[PDB]
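First comes one chain, alone, set out as structure tokens in the form deposited in one PDB entry.
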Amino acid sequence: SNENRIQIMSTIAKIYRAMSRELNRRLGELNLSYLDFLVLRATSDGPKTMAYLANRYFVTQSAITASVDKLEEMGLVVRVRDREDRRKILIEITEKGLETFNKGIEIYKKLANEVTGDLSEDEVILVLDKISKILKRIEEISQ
């Protein structure tokens, strides 16, 4: 019960933010921003409406349109009319977009590996065990 406890939590918070910043930069190698990547992730398992996209990531509708426009011009997704109500527009991922998405996943996995490089396989297991308990408690609380 020391100030070390709040330090663990704010360090975890700092890691999330820094990782997000670094992943965003590395995604630039595929000409994608982190959001562009998230739109591809969301459409990877099926077409989605613009509203679903905006709500899904708590982002403005406009930000979603810009991302889609960029992805469309890059041939990563296409706007298509909803077959059940052709007045609606769905964002559908293309084969290229799907392959670009998978490369984004590889970039993430590589970064995630790199970042824990100073830890041995045993330290990794130990850490995972400890923070998994932290996860369990916060989820029980914030249910």
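In case it trips you up, residue 1 is the first one in the sequence shown, and so on.
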For the higher mean C-alpha B factor in the entry, choose 54 to 62 or 33 to 41.
54 to 62
Between 7 to 15 and 123 to 131, name whichever shows the higher mean Cα B factor according to the PDB entry.
123 to 131
Splitting the chain's C-alpha B-factors into thirds, which one does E92 fall into?
lowest
So where's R83 on the chain's Cα temperature factor ranking, which third?
highest
Going by what the PDB entry lists, where does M74 fall on CA B-factor within its chain: lowest, middle or highest third?
highest
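The same protein also has a form deposited in another entry, omitted here; what follows describes it.
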Residue marking the hinge between this form and the one not shown [rigid parts; choose from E95, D85, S20, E73]
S20
Closer or farther: how do the Cα atoms of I138 and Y57 compare in that other deposited form versus the shown form, where the change is at least 3 Å?
closer
Please check whether, in that other deposited form, the CA atoms of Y57 and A13 lie closer or farther apart than here, given a change of 3 Å or more.
closer
